[PDB]
């Protein structure tokens, strides 16, 4: 047990919930884990895997990202900030990917899932890039039920950090697709209260947040600190009662402990 792990345990104890952290420092490939092999509900952090799977398909189909997808009134779910503007119209797969990642649009996520053939097509892409842990079992919005002990729609911090590294800094995607994913993550609108809030302001972050039942509050990030190689950091948090409040501050606190330990 490291000093960082003891601080994360103290943060977790004060929070009342269950915290999972995985850091990869690409300067030396070392890792810091807290509950790194426990499962957590992904909520909207799963949008990264779905967008990446579509990017992989686009490597052999130069026009795929320009393909229009119909949006019907019945397609709207519980949070559709972009898709609702296009009801009875279309959005391209690029527009759906950008809306899912940067606004957390759940209708857009469902269109990405459908393009991949269903939740299992997202899982299949995960397996193809070496992630044996990720599983997507449901569409939006039911993938956010976040029931303690339920394996559906979960991963572990260790697995998600490794996958996020391979997708954004490694070679799981082609070069232009990796750059597109990084551009999308860096343009996220939803992240300033989460990992980013615990890191030095001069550092550059791309991230995807998640929120669900059981007060589940998540963030997965690639970080370009000032003066050193990039980091990958995932922070997952879930709570004992179904109606628990969101706790983005806990993720900021975990990120700050990680940063102070570098």
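Numbering follows the first chain given and starts at 1.
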Between 132 to 140 and 70 to 78 (mean CA B-factor, as deposited), the higher: 70 to 78
Average Cα temperature factor in the PDB entry - higher stretch of 37 to 45, 194 to 202: 194 to 202
Candidate residues 90, 156, 180, 168, the one whose C-alpha B factor the record puts highest: 90
Chain-relative CA temperature factor third for residue 85: highest
Residue 208 CA temperature factor, ranked by third within the chain: lowest
Residue 64 by Cα B-factor - lowest, middle or highest third of the modelled chain: highest
Lowest, middle or highest third - CA B-factor, residue 120: middle
Chain thirds of CA B-factor: placement of residue 224: highest
